[PDB]
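J.: I'm passing along input_12.cif; it holds mmCIF, C-alpha atoms.
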data_input
#
loop_
_atom_site.label_atom_id
_atom_site.label_comp_id
_atom_site.auth_asym_id
_atom_site.auth_seq_id
_atom_site.Cartn_x
_atom_site.Cartn_y
_atom_site.Cartn_z
CA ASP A 1 114.05 105.53 118.12
CA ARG A 2 116.03 102.58 119.50
CA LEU A 3 116.26 100.88 116.09
CA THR A 4 119.69 102.21 115.11
CA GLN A 5 120.72 101.87 118.76
CA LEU A 6 119.94 98.15 118.80
CA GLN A 7 121.58 97.76 115.39
CA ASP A 8 124.81 99.36 116.61
CA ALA A 9 124.61 97.29 119.80
CA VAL A 10 124.35 94.03 117.83
CA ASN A 11 127.19 95.12 115.54
CA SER A 12 129.41 95.99 118.51
CA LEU A 13 128.56 92.68 120.19
CA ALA A 14 129.55 90.75 117.06
CA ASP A 15 132.75 92.79 116.75
CA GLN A 16 133.64 92.17 120.41
CA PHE A 17 132.97 88.45 120.00
CA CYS A 18 135.25 88.36 116.94
CA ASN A 19 137.97 90.31 118.77
CA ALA A 20 137.74 87.95 121.75
CA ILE A 21 137.95 84.90 119.47
CA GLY A 22 141.01 86.46 117.83
CA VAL A 23 142.82 87.53 121.00
CA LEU A 24 141.98 84.45 123.10
CA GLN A 25 145.05 82.66 121.71
CA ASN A 26 148.19 87.83 133.89
CA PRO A 27 147.76 89.52 130.50
CA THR A 28 145.73 86.69 128.97
CA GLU A 29 143.42 86.37 131.99
CA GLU A 30 142.86 90.13 132.18
CA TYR A 31 142.16 90.38 128.44
CA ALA A 32 139.72 87.46 128.66
CA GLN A 33 137.95 89.07 131.62
CA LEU A 34 137.67 92.40 129.79
CA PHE A 35 136.32 90.70 126.66
CA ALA A 36 133.86 88.75 128.80
CA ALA A 37 132.59 91.90 130.50
CA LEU A 38 132.27 93.70 127.16
CA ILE A 39 130.44 90.83 125.43
CA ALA A 40 128.10 90.27 128.39
CA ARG A 41 127.25 93.97 128.65
CA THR A 42 126.64 94.18 124.89
CA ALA A 43 124.39 91.11 124.89
CA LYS A 44 122.43 92.35 127.91
CA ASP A 45 121.99 95.80 126.36
CA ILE A 46 120.86 94.29 123.04
CA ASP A 47 118.36 92.04 124.83
CA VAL A 48 116.97 94.87 126.96
CA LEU A 49 116.68 97.10 123.88
CA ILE A 50 114.89 94.42 121.86
CA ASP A 51 112.52 93.80 124.79
CA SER A 52 111.82 97.49 125.48
CA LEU A 53 111.60 98.40 121.77
CA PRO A 54 108.36 99.59 120.13
CA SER A 55 106.11 96.52 120.27
CA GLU A 56 103.59 97.49 117.58
CA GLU A 57 103.60 97.74 113.78
CA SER A 58 105.95 94.81 113.09
CA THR A 59 103.06 93.16 111.25
CA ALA A 60 100.53 95.37 109.44
CA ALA A 61 97.40 96.00 111.53
CA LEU A 62 98.30 97.87 114.73
CA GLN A 63 100.27 100.51 112.83
CA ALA A 64 97.43 100.92 110.33
CA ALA A 65 94.85 101.32 113.11
CA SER A 66 97.04 103.84 114.94
CA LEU A 67 97.55 105.81 111.71
CA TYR A 68 93.81 105.79 111.01
CA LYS A 69 93.02 107.04 114.53
CA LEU A 70 95.68 109.74 114.22
CA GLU A 71 94.27 110.79 110.84
CA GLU A 72 90.74 111.01 112.26
CA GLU A 73 91.98 113.10 115.20
CA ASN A 74 93.93 115.32 112.80
CA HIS A 75 90.84 115.78 110.61
CA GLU A 76 88.74 116.79 113.63
CA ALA A 77 91.46 119.19 114.80
CA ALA A 78 91.75 120.63 111.29
CA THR A 79 87.99 121.22 111.12
CA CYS A 80 88.10 122.98 114.50
CA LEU A 81 91.10 125.06 113.40
CA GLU A 82 89.36 125.96 110.13
CA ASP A 83 86.28 127.15 112.02
CA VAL A 84 88.47 129.20 114.38
CA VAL A 85 90.45 130.66 111.47
CA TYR A 86 87.24 131.57 109.65
CA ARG A 87 85.98 133.37 112.76
CA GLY A 88 89.29 135.20 113.12
CA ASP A 89 89.33 136.19 109.44
CA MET A 90 85.76 137.49 109.75
CA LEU A 91 86.79 139.57 112.77
CA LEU A 92 89.84 140.90 110.90
CA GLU A 93 87.69 141.76 107.87
CA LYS A 94 85.22 143.61 110.09
CA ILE A 95 88.08 145.54 111.70
CA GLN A 96 89.52 146.39 108.27
CA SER A 97 86.12 147.57 107.04
CA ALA A 98 85.73 149.75 110.14
CA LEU A 99 89.21 151.20 109.61
CA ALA A 100 88.46 151.93 105.95
CA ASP A 101 85.17 153.60 106.88
CA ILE A 102 86.93 155.71 109.53
CA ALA A 103 89.62 156.73 107.03
CA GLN A 104 86.97 157.59 104.42
CA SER A 105 85.62 160.32 106.72
CA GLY B 1 105.80 99.88 76.00
CA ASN B 2 105.49 98.45 78.37
CA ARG B 3 108.09 96.84 80.62
CA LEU B 4 111.32 97.37 78.66
CA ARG B 5 110.33 100.92 77.70
CA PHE B 6 109.44 101.77 81.31
CA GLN B 7 112.71 100.34 82.64
CA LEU B 8 114.63 102.25 79.97
CA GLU B 9 112.85 105.50 80.86
CA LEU B 10 113.58 104.96 84.56
CA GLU B 11 117.25 104.26 83.84
CA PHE B 12 117.48 107.36 81.64
CA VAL B 13 115.89 109.48 84.39
CA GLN B 14 118.33 108.08 86.95
CA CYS B 15 121.23 108.81 84.59
CA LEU B 16 120.10 112.38 83.86
CA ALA B 17 119.71 112.87 87.62
CA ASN B 18 123.50 112.83 87.90
CA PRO B 19 125.55 115.93 87.03
CA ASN B 20 128.01 114.00 84.84
CA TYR B 21 125.44 113.26 82.12
CA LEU B 22 124.33 116.92 82.23
CA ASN B 23 127.20 117.85 79.91
CA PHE B 24 126.75 114.75 77.75
CA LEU B 25 122.98 115.02 77.31
CA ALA B 26 123.21 118.75 76.54
CA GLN B 27 125.78 118.08 73.81
CA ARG B 28 123.33 115.67 72.16
CA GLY B 29 120.81 118.49 71.79
CA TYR B 30 117.79 116.39 72.75
CA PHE B 31 116.58 119.02 75.24
CA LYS B 32 116.36 121.51 72.36
CA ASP B 33 113.46 119.59 70.81
CA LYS B 34 109.95 119.51 72.25
CA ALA B 35 110.17 115.70 72.44
CA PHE B 36 112.38 115.87 75.54
CA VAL B 37 110.03 118.34 77.24
CA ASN B 38 107.04 116.13 76.41
CA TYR B 39 108.85 113.06 77.76
CA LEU B 40 109.66 114.96 80.95
CA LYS B 41 106.03 116.04 81.33
CA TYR B 42 104.92 112.44 80.80
CA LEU B 43 107.42 111.04 83.31
CA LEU B 44 106.41 113.68 85.87
CA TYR B 45 103.10 111.81 86.26
CA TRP B 46 105.04 109.11 88.16
CA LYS B 47 105.50 111.39 91.20
CA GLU B 48 103.15 109.21 93.26
CA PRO B 49 104.54 106.61 95.71
CA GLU B 50 104.17 103.78 93.18
CA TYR B 51 106.77 104.47 90.47
CA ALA B 52 109.12 107.01 92.07
CA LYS B 53 110.00 104.36 94.66
CA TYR B 54 111.58 102.31 91.87
CA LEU B 55 113.92 105.23 91.13
CA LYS B 56 116.99 104.68 93.30
CA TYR B 57 118.08 108.32 92.98
CA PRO B 58 115.52 110.32 95.00
CA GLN B 59 116.87 113.65 93.70
CA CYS B 60 115.86 112.82 90.12
CA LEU B 61 112.49 114.61 90.15
CA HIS B 62 113.97 117.85 91.51
CA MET B 63 116.80 117.86 88.97
CA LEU B 64 114.37 117.08 86.14
CA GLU B 65 112.04 119.90 87.20
CA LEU B 66 114.99 122.30 87.45
CA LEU B 67 116.38 121.32 84.04
CA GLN B 68 113.16 122.55 82.38
CA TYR B 69 114.55 126.09 82.41
CA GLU B 70 117.11 127.11 79.80
CA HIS B 71 119.26 129.10 82.23
CA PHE B 72 119.37 126.23 84.73
CA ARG B 73 120.29 123.81 81.93
CA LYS B 74 123.08 126.12 80.73
CA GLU B 75 124.35 126.41 84.31
CA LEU B 76 124.30 122.63 84.81
CA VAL B 77 126.13 122.22 81.48
CA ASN B 78 129.15 123.89 83.09
CA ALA B 79 131.66 121.94 85.16
CA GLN B 80 131.52 124.21 88.22
CA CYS B 81 127.86 123.51 89.01
CA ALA B 82 128.38 119.79 88.34
CA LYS B 83 131.33 119.67 90.75
CA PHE B 84 129.35 121.60 93.36
CA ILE B 85 126.39 119.22 93.08
CA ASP B 86 128.75 116.24 93.30
CA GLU B 87 130.37 117.68 96.44
CA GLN B 88 126.95 118.32 97.98
CA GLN B 89 125.82 114.76 97.21
CA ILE B 90 129.06 113.32 98.62
CA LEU B 91 128.68 115.37 101.81
CA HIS B 92 125.04 114.28 102.09
CA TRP B 93 125.73 110.60 101.33
CA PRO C 1 122.85 105.77 77.34
CA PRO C 2 119.90 107.62 75.80
CA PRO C 3 117.07 105.14 76.33
CA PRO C 4 114.27 107.49 75.25
CA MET C 5 114.11 106.23 71.67
CA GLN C 6 111.52 107.33 69.10
CA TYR C 7 110.88 110.55 71.00
CA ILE C 8 110.29 112.71 67.92
CA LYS C 9 107.74 110.24 66.54
CA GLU C 10 105.79 109.58 69.74
CA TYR C 11 106.13 113.00 71.39
CA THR C 12 104.95 115.38 68.65
CA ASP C 13 103.53 118.86 69.18
CA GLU C 14 102.07 119.06 65.66
CA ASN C 15 99.18 116.64 66.23
CA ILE C 16 98.97 114.62 69.44
CA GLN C 17 97.34 111.20 69.63
CA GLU C 18 94.28 110.26 71.69
CA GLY C 19 95.89 110.05 75.12
CA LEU C 20 99.12 108.08 74.68
CA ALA C 21 101.20 110.07 72.20
CA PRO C 22 104.16 110.88 74.51
CA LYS C 23 102.93 108.85 77.53
CA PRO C 24 106.04 107.48 79.27
CA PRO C 25 104.30 104.72 81.25
CA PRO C 26 106.28 103.60 84.30
CA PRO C 27 107.07 100.04 85.46
CA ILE C 28 104.26 99.68 87.99
CA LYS C 29 103.46 96.13 86.82
CA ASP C 30 104.96 93.35 84.70
CA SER C 31 108.49 94.46 85.64
CA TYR C 32 110.53 92.55 88.22
CA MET C 33 113.33 95.14 88.35
CA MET C 34 112.69 96.09 91.98
CA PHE C 35 112.34 92.95 92.54
CA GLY C 36 108.86 92.41 93.90
CA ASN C 37 109.49 93.92 97.31
CA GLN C 38 112.76 93.00 99.02
CA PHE C 39 114.77 90.19 100.60
CA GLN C 40 113.59 87.93 103.42
CA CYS C 41 114.94 85.55 106.07
CA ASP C 42 114.08 82.40 104.10
CA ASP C 43 116.25 82.38 100.95
CA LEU C 44 119.59 83.72 102.23
CA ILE C 45 119.55 82.10 105.69
CA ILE C 46 117.72 78.80 105.16
CA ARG C 47 116.47 78.21 108.71
CA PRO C 48 113.37 78.56 110.92
CA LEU C 49 112.34 82.20 110.47
CA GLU C 50 111.49 83.37 113.98
CA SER C 51 108.98 86.22 113.70
CA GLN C 52 105.95 87.54 115.56
CA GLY C 53 103.65 90.53 115.80
CA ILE C 54 100.68 91.69 117.85
CA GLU C 55 97.63 93.76 116.91
CA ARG C 56 96.52 97.10 118.35
CA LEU C 57 95.74 97.55 122.06
CA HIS C 58 97.75 94.40 122.80
CA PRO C 59 101.47 93.77 123.41
CA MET C 60 103.48 90.95 121.86
CA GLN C 61 103.32 89.00 125.17
CA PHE C 62 106.92 87.77 124.80
CA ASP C 63 106.45 86.51 121.24
CA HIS C 64 108.90 88.57 119.15
CA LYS C 65 111.05 90.10 121.90
CA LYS C 66 111.47 86.78 123.74
CA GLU C 67 112.30 84.93 120.51
CA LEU C 68 114.82 87.62 119.56
CA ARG C 69 116.42 87.44 123.01
CA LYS C 70 116.64 83.65 122.78
CA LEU C 71 118.21 83.88 119.31
CA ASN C 72 120.73 86.46 120.54
CA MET C 73 121.63 84.29 123.54
CA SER C 74 122.05 81.25 121.29
CA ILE C 75 124.26 83.23 118.90
CA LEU C 76 126.37 84.48 121.82
CA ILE C 77 126.75 80.95 123.21
CA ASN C 78 127.74 79.64 119.78
CA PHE C 79 130.26 82.47 119.42
CA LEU C 80 131.74 81.70 122.84
CA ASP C 81 132.03 77.99 122.00
CA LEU C 82 133.62 78.85 118.65
CA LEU C 83 136.09 81.18 120.37
CA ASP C 84 137.02 78.45 122.85
CA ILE C 85 137.48 75.99 119.97
CA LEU C 86 139.61 78.39 117.91
CA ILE C 87 141.72 79.20 120.99
CA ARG C 88 142.25 75.53 121.88
CA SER C 89 142.26 74.10 118.33
CA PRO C 90 143.79 75.83 115.28
CA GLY C 91 142.68 79.24 114.05
CA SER C 92 140.60 78.49 110.96
CA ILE C 93 137.71 76.91 112.89
CA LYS C 94 135.43 79.63 114.27
CA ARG C 95 135.13 81.49 110.94
CA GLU C 96 131.84 79.86 109.92
CA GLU C 97 130.28 80.31 113.36
CA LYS C 98 131.37 83.95 113.46
CA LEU C 99 129.89 84.54 110.00
CA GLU C 100 126.61 82.89 110.99
CA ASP C 101 126.42 84.95 114.19
CA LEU C 102 127.13 88.16 112.26
CA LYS C 103 124.45 87.31 109.68
CA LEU C 104 121.93 86.56 112.44
CA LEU C 105 122.78 89.84 114.18
CA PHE C 106 122.37 91.78 110.93
CA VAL C 107 119.01 90.11 110.25
CA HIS C 108 117.82 90.88 113.79
CA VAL C 109 118.96 94.51 113.46
CA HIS C 110 117.11 94.88 110.16
CA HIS C 111 113.97 93.35 111.67
CA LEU C 112 114.16 95.67 114.68
CA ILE C 113 114.62 98.70 112.42
CA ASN C 114 111.66 97.70 110.25
CA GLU C 115 109.52 97.14 113.35
CA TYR C 116 110.49 100.42 115.02
CA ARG C 117 110.19 102.65 111.94
CA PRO C 118 106.39 102.55 111.45
CA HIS C 119 105.48 102.96 115.13
CA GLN C 120 107.90 105.88 115.50
CA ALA C 121 106.53 107.48 112.32
CA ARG C 122 102.94 107.15 113.55
CA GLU C 123 103.86 108.58 116.96
CA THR C 124 105.64 111.52 115.31
CA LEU C 125 102.65 112.18 113.04
CA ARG C 126 100.26 112.10 116.01
CA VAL C 127 102.51 114.45 117.99
CA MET C 128 102.68 116.82 115.03
CA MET C 129 98.89 116.80 114.66
CA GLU C 130 98.49 117.51 118.38
CA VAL C 131 101.03 120.34 118.22
CA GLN C 132 99.25 121.87 115.21
CA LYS C 133 95.90 121.66 117.01
CA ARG C 134 97.35 123.28 120.14
CA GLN C 135 98.99 126.07 118.12
CA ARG C 136 95.75 126.75 116.24
CA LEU C 137 93.75 126.87 119.47
CA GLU C 138 96.31 129.21 121.06
CA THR C 139 96.24 131.49 118.00
CA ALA C 140 92.43 131.57 118.07
CA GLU C 141 92.41 132.43 121.78
CA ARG C 142 95.02 135.16 121.23
CA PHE C 143 92.98 136.61 118.36
CA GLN C 144 89.84 136.58 120.52
CA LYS C 145 91.65 138.36 123.36
CA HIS C 146 93.08 140.90 120.91
CA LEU C 147 89.63 141.58 119.45
CA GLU C 148 88.27 142.02 122.98
CA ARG C 149 91.02 144.51 123.81
CA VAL C 150 90.33 146.31 120.53
CA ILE C 151 86.62 146.59 121.34
CA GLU C 152 87.53 147.87 124.80
CA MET C 153 89.84 150.53 123.36
CA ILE C 154 87.16 151.50 120.82
CA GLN C 155 84.41 151.86 123.43
CA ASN C 156 86.88 153.74 125.67
CA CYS C 157 86.74 156.91 123.55
CA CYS D 1 97.93 114.64 108.43
CA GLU D 2 101.39 113.54 107.24
CA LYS D 3 102.55 117.17 107.14
CA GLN D 4 105.93 116.61 108.81
CA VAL D 5 107.73 118.03 105.76
CA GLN D 6 106.22 121.45 106.45
CA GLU D 7 106.08 120.99 110.24
CA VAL D 8 109.86 120.42 110.46
CA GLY D 9 110.67 123.26 108.08
CA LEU D 10 113.10 124.96 110.47
CA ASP D 11 115.10 126.87 107.84
CA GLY D 12 114.97 123.88 105.51
CA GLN D 13 107.67 132.74 109.56
CA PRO D 14 105.27 135.70 109.69
CA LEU D 15 104.14 137.83 106.75
CA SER D 16 107.46 138.83 105.17
CA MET D 17 107.55 142.52 104.27
CA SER D 18 110.11 141.79 101.53
CA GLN D 19 107.67 139.44 99.78
CA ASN D 20 104.97 142.11 99.85
CA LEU D 21 107.47 144.67 98.54
CA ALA D 22 108.47 142.39 95.66
CA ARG D 23 104.82 141.68 94.84
CA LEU D 24 104.07 145.41 94.84
CA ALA D 25 107.07 146.08 92.60
CA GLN D 26 105.78 143.42 90.21
CA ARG D 27 102.29 144.94 90.39
CA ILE D 28 103.07 148.68 90.41
CA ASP D 29 105.49 148.23 87.51
CA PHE D 30 102.79 149.08 84.96
CA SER D 31 99.03 149.69 85.05
CA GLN D 32 98.27 147.02 82.47
#
Do you think you could lay out the structure here as structure tokens?
T.:
Amino acid sequence: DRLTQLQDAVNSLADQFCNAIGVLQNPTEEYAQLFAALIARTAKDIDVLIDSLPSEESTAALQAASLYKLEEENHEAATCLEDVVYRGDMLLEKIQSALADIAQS
Amino acid sequence: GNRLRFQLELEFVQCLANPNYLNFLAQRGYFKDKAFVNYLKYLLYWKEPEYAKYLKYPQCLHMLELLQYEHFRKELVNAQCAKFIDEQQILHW
Amino acid sequence: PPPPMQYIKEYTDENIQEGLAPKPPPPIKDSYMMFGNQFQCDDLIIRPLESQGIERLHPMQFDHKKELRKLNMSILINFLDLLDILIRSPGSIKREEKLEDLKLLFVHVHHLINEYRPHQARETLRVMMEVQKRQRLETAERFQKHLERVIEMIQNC
Amino acid sequence: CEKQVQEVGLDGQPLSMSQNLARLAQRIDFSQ
């Protein structure tokens, strides 16, 4: 979710740092203050995004365990849904047989 | 076989995936023989996530499956369909 | 470049071989044309590769996020020092520091993307499974209520 | 599981009457 967000934040921080390094050398003071505010906000946002990012499947075990649990839950739900669909199809077949018998009269 | 032949087959699939080679490969007449159809059926076995990942062009399997028909091949041989596919790929890229 | 050579000999509809007449085997092994996997943070940027990762039911405990924040702060401080140097001293000074900071930022962005992709995919798959289960249960309940209403209308007459 | 391709198929859906009509036209074409 925040992956591309943090990527764009880091890119914008690097671009702002380069622009500040290029424009560093009260117009000068105001430009330096604006570049400082921009760079500080970008760095703080990047840090907060990296801290509040998804702390999970960076390695290879937590993501695998979560996927296995999700697959087990999905299999149980699919079995329940198959039972329910079989019951509904049986009811529909009974209704269709009753309708055919009524029409045969 | 086994490495050079596989790399060559993958490169040929990636080349045929593009609409430019559609007019060049059709002029060669290789699709007219059953050898091309057999090679396509053999390469279709690589649809699993082990060999198709090596193919940079992800739209190669769909184009190969569509080129099996004669009408689709004749349509892709034209320049209008090639330009349309190129425009779609450029808008999607 | 037609690479499929010897197609008429191998792929033949007259009399096929045992099981490998037209078999176009793919480069699953013995072919470093991928390469093996991908790039890493050890060959390009020769430096201490800061990385971390926690298991399930446990957070990183400031292992990967804290290291990434420290690296970002160090890169920002180096960029500020390089800007001060290039503003006081001549221009062609801060180029190497800017390039190193940009490379570090790109590496960190790639690492964050790779870390956030699998967790997001698993969460989306779990949400989709839950939504499918809920829709199936709702459809079953609606079918049961409809059958009850049908039985009521039948026994009415 | 891993059915997001079909779960996110929002134009990219009850029993279509046109599909049934086409199937009947293909079936009632000749009593083979």
J.: For chain A, work out the contacting residues on chain C at 6 Å, counting only C-alpha atoms, and write them as a short mmCIF file (atom, residue, chain, number, x, y, z; two decimals) with C-alpha atoms, keeping the file's coordinate frame.
T.:
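The resulting file, iface-v4.cif, is shown below:
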data_model
loop_
_atom_site.label_atom_id
_atom_site.label_comp_id
_atom_site.auth_asym_id
_atom_site.auth_seq_id
_atom_site.Cartn_x
_atom_site.Cartn_y
_atom_site.Cartn_z
CA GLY C 53 103.65 90.53 115.80
CA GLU C 55 97.63 93.76 116.91
CA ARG C 56 96.52 97.10 118.35
CA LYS C 65 111.05 90.10 121.90
CA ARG C 69 116.42 87.44 123.01
CA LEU C 83 136.09 81.18 120.37
CA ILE C 87 141.72 79.20 120.99
CA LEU C 102 127.13 88.16 112.26
CA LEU C 105 122.78 89.84 114.18
CA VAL C 109 118.96 94.51 113.46
CA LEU C 112 114.16 95.67 114.68
CA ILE C 113 114.62 98.70 112.42
CA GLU C 115 109.52 97.14 113.35
CA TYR C 116 110.49 100.42 115.02
CA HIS C 119 105.48 102.96 115.13
CA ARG C 122 102.94 107.15 113.55
CA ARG C 126 100.26 112.10 116.01
CA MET C 129 98.89 116.80 114.66
CA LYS C 133 95.90 121.66 117.01
CA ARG C 136 95.75 126.75 116.24
CA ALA C 140 92.43 131.57 118.07
#
J.: Work out how far CA of residue 26 in chain C is from CA of residue 4 in chain B, in Å to one decimal.
T.: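 Computing it gives 9.8 Å between the two atoms.
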J.: How many Å lie between CA of residue 26 in chain B and CA of residue 11 in chain C, rounded to one decimal?
T.: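 One can read the CA of residue 26 in chain B to CA of residue 11 in chain C distance as 18.7 Å.
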J.: Using all atoms listed in the file and a distance of at most 9 Å, pull out the residues of chain D that contact chain C, as a PyMOL selection string.
T.: chain D and resi 1-4+7
J.: For the structure provided, state which residues fall under the PyMOL selection byres ((chain B and resi 17) around 10), and present them as a compact mmCIF listing (two decimals) with C-alpha atoms, in the coordinates of the input.
T.:
# COMPACT_ATOMS: atom_id res chain seq x y z
CA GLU B 11 117.25 104.26 83.84
CA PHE B 12 117.48 107.36 81.64
CA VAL B 13 115.89 109.48 84.39
CA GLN B 14 118.33 108.08 86.95
CA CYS B 15 121.23 108.81 84.59
CA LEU B 16 120.10 112.38 83.86
CA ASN B 18 123.50 112.83 87.90
CA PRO B 19 125.55 115.93 87.03
CA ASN B 20 128.01 114.00 84.84
CA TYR B 21 125.44 113.26 82.12
CA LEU B 22 124.33 116.92 82.23
CA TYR B 57 118.08 108.32 92.98
CA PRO B 58 115.52 110.32 95.00
CA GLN B 59 116.87 113.65 93.70
CA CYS B 60 115.86 112.82 90.12
CA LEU B 61 112.49 114.61 90.15
CA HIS B 62 113.97 117.85 91.51
CA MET B 63 116.80 117.86 88.97
CA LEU B 64 114.37 117.08 86.14
CA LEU B 67 116.38 121.32 84.04
J.: Using CA of residue 101 in chain C and CA of residue 79 in chain C as the two end points, give the distance in Å to one decimal.
T.: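 Value for the CA of residue 101 in chain C-CA of residue 79 in chain C distance: 6.9 Å.
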J.: Give me, as number ranges by chain, the residues of chain C touching chain B, with the criterion being at most 6 Å (counting all atoms listed in the file).
T.: C: 3, 7-8, 11, 23-28, 31
J.: For the residues selected in the previous step, produce a file with C-alpha atoms as a PDB file, keeping the file's coordinate frame.
T.:
ATOM      1  CA  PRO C   3     117.070 105.140  76.330  1.00  0.00           C
ATOM      2  CA  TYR C   7     110.880 110.550  71.000  1.00  0.00           C
ATOM      3  CA  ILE C   8     110.290 112.710  67.920  1.00  0.00           C
ATOM      4  CA  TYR C  11     106.130 113.000  71.390  1.00  0.00           C
ATOM      5  CA  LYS C  23     102.930 108.850  77.530  1.00  0.00           C
ATOM      6  CA  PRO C  24     106.040 107.480  79.270  1.00  0.00           C
ATOM      7  CA  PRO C  25     104.300 104.720  81.250  1.00  0.00           C
ATOM      8  CA  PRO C  26     106.280 103.600  84.300  1.00  0.00           C
ATOM      9  CA  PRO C  27     107.070 100.040  85.460  1.00  0.00           C
ATOM     10  CA  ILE C  28     104.260  99.680  87.990  1.00  0.00           C
ATOM     11  CA  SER C  31     108.490  94.460  85.640  1.00  0.00           C
TER      12      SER C  31
END
